Amino acid sequence: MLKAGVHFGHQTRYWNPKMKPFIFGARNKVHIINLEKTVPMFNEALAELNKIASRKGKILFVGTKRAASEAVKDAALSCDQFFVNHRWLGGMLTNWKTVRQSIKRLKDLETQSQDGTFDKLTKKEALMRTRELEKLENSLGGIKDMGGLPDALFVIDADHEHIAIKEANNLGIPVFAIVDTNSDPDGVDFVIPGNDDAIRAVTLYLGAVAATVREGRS
Amino acid sequence: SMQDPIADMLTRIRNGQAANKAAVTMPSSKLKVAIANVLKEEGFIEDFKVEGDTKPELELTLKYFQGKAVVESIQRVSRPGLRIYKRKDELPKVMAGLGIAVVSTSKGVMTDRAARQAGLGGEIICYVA
Amino acid sequence: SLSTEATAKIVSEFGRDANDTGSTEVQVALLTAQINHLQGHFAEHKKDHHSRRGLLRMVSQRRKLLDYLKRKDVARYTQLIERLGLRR
RNA sequence: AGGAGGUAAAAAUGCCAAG
RNA sequence: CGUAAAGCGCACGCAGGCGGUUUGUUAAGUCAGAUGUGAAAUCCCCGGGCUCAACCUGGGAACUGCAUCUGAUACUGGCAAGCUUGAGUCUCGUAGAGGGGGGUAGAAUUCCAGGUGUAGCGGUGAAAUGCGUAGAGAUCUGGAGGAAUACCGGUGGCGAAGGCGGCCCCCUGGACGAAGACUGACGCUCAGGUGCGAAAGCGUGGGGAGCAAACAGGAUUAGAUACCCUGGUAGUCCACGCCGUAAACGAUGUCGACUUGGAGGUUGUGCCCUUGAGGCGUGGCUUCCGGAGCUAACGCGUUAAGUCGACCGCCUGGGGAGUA
Numbered sequence: 008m009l010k011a012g013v014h015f016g017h018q019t020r021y022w023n024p025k026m027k028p029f030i031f032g033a034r035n036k037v038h039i040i041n042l043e044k045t046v047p048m049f050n051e052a053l054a055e056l057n058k059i060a061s062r063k064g065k066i067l068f069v070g071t072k073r074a075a076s077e078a079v080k081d082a083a084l085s086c087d088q089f090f091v092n093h094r095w096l097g098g099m100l101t102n103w104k105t106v107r108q109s110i111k112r113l114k115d116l117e118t119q120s121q122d123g124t125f126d127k128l129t130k131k132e133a134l135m136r137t138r139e140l141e142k143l144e145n146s147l148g149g150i151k152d153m154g155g156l157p158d159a160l161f162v163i164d165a166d167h168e169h170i171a172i173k174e175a176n177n178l179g180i181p182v183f184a185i186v187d188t189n190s191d192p193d194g195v196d197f198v199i200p201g202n203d204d205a206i207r208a209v210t211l212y213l214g215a216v217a218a219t220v221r222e223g224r225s
Numbered sequence: 001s002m003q004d005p006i007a008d009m010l011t012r013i014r015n016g017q018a019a020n021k022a023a024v025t026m027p028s029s030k031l032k033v034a035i036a037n038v039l040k041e042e043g044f045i046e047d048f049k050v051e052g053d054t055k056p057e058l059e060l061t062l063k064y065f066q067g068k069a070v071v072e073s074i075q076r077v078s079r080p081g082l083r084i085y086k087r088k089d090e091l092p093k094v095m096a097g098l099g100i101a102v103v104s105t106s107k108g109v110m111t112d113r114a115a116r117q118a119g120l121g122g123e124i125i126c127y128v129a
Numbered sequence: 001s002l003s004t005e006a007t008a009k010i011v012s013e014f015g016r017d018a019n020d021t022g023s024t025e026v027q028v029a030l031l032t033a034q035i036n037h038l039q040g041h042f043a044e045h046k047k048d049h050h051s052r053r054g055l056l057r058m059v060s061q062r063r064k065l066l067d068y069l070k071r072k073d074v075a076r077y078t079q080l081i082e083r084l085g086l087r088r
């Protein structure tokens, strides 16, 4: 049942037929989700998220969508977790040993152009050191305090971040994805039927999981 | 033109388990309701029932253990183009005896293991290992 | 063809009553009336190959019903074929 | 979005090469 | 067996194979048991003997079979009675280049005649052959002919396939739908058989505008028996026979069942507020994309090349050869 507003269903008539278990077809040719079928779904996910947090896990907050990037940043930063919000680099989990080389360049440049040599050289390449830093701080921004692999992933759209999902189950990492009526639920280990592209919907989703992980340090 | 209703029954179970349908309905028959009882007592299906009086409807609720079917294979051995009868001593063991073969003996349909200890053979219907 | 009152004449002659319209004696007689009617059509045109395929379908369907009727009830079969003049 | 054209829209010839 | 070799061009069908559902009966198939037999030797098993082994030998099993007897009756068959879903009939409508016959319409090409009118026309990459002062081409009027049906026109429709486009009538086939009634398994497939079967071709008799094999002339070219140009007979058209082939192709046999979806086209129909082009359903046919699955891959994908069943056709390295 609605503890909130807009999380009821979306995205059109056209739909993934693997999510027929969580649907009502509304009169505006827009499928709406069985909310009493997904309310026990994500509190089951909140049961497992608080357990992974209680064994001091590292939880990734992946989802870009150009309209929830600003909110998923504040989700993992209100707690002590990690996130991506700009373009998820294809390979940053399965090929993590060469993305480890790229955060070290970011962690170098956050000392080079910040406090070390920033004006001690030519002015053009000094801007290039900041130009390289500004495209590394959005791609590998929330990952520089990692240094292992994450213990879980929290995706906000499954069909838009299938690359992250395919990389997660290619390892042993479980996922908690907010799947929508057009997205695929088979790659997901903890299917959460809900709206994906609504800013009030996601702040309920990221707000609940950031609240759930910040009882995990007890 | 529907010349084997028994192979149509196993095909509906096979396609129903592949499509992850929870239940399979088919036109009932006295032989279909017999070999459905063999699958229910052996653990391949659950809770078969017959609804109807003049055009009865056999309905079987399929079985799943984890995200996978229970009947991995369900073949039909004595099709109407080629009937297969076996004696008592050459009744087949299917998948080394951990999958059954439905044989129609003169004491009704039973598994191959049941027909050996009963001591008689008959027309073998299906390998539902 | 075989207009609606002409079929009404046949269905009352051969069946039990007027709504009895699907029995073998009715259908065999009803096809034979159409087959005999189309003889004048093909004594004429003779190159209507597309319409003759419908005629051979009516001939072969009549023979299948008579071969059904001779197996079930040979009394009604011999009464039927003398009633229309069949069995060459 | 499909349709039609546009000094314009082509069409002259142009073979062979071996273990 | 889509493309590697391989689905008859397509139907209709006899023999044949197969057959929905319920009860009874029969006990042929089937199953169980027994009896007789299945020669001995070999083969196999457990033994015995040659100093071991080969070899020899005792006993047993086996000889998968056949026949009779006595049982079993689930399945298959037989017989009897049914049942309604398969198949079929009737009533009522709908759509359609389905077929056969007979009429008729307008546009254009060519020819014929005439008026006007003046040196070109036609053609090409460019030319020439050709046509034109005997007056063409252009234009206008009148006529005679034959053939094809612009626009509609649409991965639109219909047909078993080949195929089928102006309009109108006559004769006629099939499909589909709604709501009922009726028959009661009448079904599916089909070797041989029979029928249909583009175009080219053949026979006889017509017809002949336009195109056009052959052929001729002009070009092009090293040559040009070609492409290109100017002509042009058979043929293309009609009637009636014949041929019986095609990349006759979705290179995919027919029939039935089952198995996520999306966007369309087309043609029915139900219900509701038709209130208005809507809304909700439900059938038939059809195009495209795509999931599982399948596939060597390409791809196919509820119209399967998926999962199955019934029957048929066919394939077995390339060439020789679909030839003698």
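Protein chains in written order, with the authors' numbering: chain G, 8 to 225; chain M, 1 to 129; chain T, 1 to 88. The C-beta atom is built at its ideal place from N, Cα and C for all residues, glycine as well.
Cα-Cα separation between residue i and residue j, rounded to whole angstroms
| i | j | result |
| --- | --- | --- |
| M/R87 | M/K107 | 14 angstroms |
| G/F197 | M/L120 | 52 angstroms |
| G/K111 | M/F44 | 57 angstroms |
| G/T19 | G/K72 | 17 angstroms |
| G/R34 | G/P28 | 19 angstroms |
| M/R76 | M/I84 | 10 angstroms |
| G/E51 | M/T54 | 48 angstroms |
| G/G223 | G/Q88 | 11 angstroms |
| M/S28 | M/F48 | 11 angstroms |
| T/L56 | M/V24 | 43 angstroms |
| T/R87 | T/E44 | 25 angstroms |
| M/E72 | M/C126 | 13 angstroms |
| M/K93 | M/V70 | 19 angstroms |
| G/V182 | G/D203 | 16 angstroms |
| G/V13 | G/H38 | 13 angstroms |
| G/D191 | G/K36 | 20 angstroms |
| G/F90 | G/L134 | 27 angstroms |
| T/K46 | T/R52 | 9 angstroms |
| M/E90 | M/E41 | 24 angstroms |
| T/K72 | M/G16 | 41 angstroms |
Whole-angstrom C-beta distance between residue j and residue i, which should lie under 8 angstroms
| i | j | result |
| --- | --- | --- |
| T/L65 | T/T24 | 5 angstroms |
| M/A7 | M/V109 | 15 angstroms between Cβ atoms; not a contact. |
| G/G64 | G/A159 | 6 angstroms |
| G/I172 | G/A184 | 7 angstroms |
| M/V103 | M/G122 | 5 angstroms |
| G/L156 | G/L178 | 7 angstroms |
| G/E139 | G/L116 | 7 angstroms |
| M/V128 | M/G97 | Wrong, their Cβ atoms sit about 13 angstroms apart, outside the cutoff. |
| T/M58 | T/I81 | Not really, about 17 angstroms apart at Cβ, beyond 8 angstroms. |
| G/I180 | G/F49 | Not quite, the Cβ-Cβ distance comes to about 19 angstroms (not below 8 angstroms), so this is no contact. |
| G/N23 | G/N189 | 6 angstroms |
| T/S1 | T/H37 | 7 angstroms |
Bridge partners - residue i, DSSP secondary structure assignment
| i | result |
| --- | --- |
| M/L62 | M/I45 |
| M/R76 | M/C126 |
| M/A23 | M/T61 |
| G/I39 | G/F31 |
| M/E51 | M/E57 |
| M/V94 | M/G99 |
| M/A69 | M/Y64 |
Nearest candidate by alpha-carbon position, reference residue i, set the options
| i | options | result |
| --- | --- | --- |
| G/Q121 | G/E141, G/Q108, G/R62, G/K173 | G/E141 |
| G/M99 | G/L147, G/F68, G/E117, G/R20 | G/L147 |
| G/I150 | G/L84, G/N176, G/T210, G/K131 | G/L84 |
| M/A22 | M/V128, M/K30, M/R12 | M/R12 |
| M/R14 | M/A118, M/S78, M/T61 | M/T61 |
| G/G32 | G/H93, G/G16, G/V46 | G/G16 |
| G/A218 | G/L56, G/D193, G/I206 | G/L56 |
| T/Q27 | T/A6, T/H37, T/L38, T/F14 | T/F14 |
| G/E168 | G/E77, G/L42, G/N23, G/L96 | G/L96 |
| G/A215 | G/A60, G/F125, G/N23, G/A82 | G/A82 |
| G/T105 | G/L9, G/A175, G/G154 | G/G154 |
| M/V38 | M/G67, M/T111, M/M95, M/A118 | M/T111 |
| G/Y212 | G/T137, G/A75, G/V195 | G/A75 |
| G/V46 | G/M8, G/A54, G/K58 | G/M8 |
Which runs of the beta strand (DSSP E), 3 residues or longer, sit entirely within the stretch 145-216 of chain G?
159-162, 182-186, 197-200
What are the start and end residues of each continuous alpha helix (DSSP H) run of 4 or more residues lying completely inside the stretch 97-124 of chain M, in chain order?
112-118
Within the stretch 60-105 of chain G, ranges of the alpha helix (DSSP H) (whole runs, at least 4 residues):
76-85
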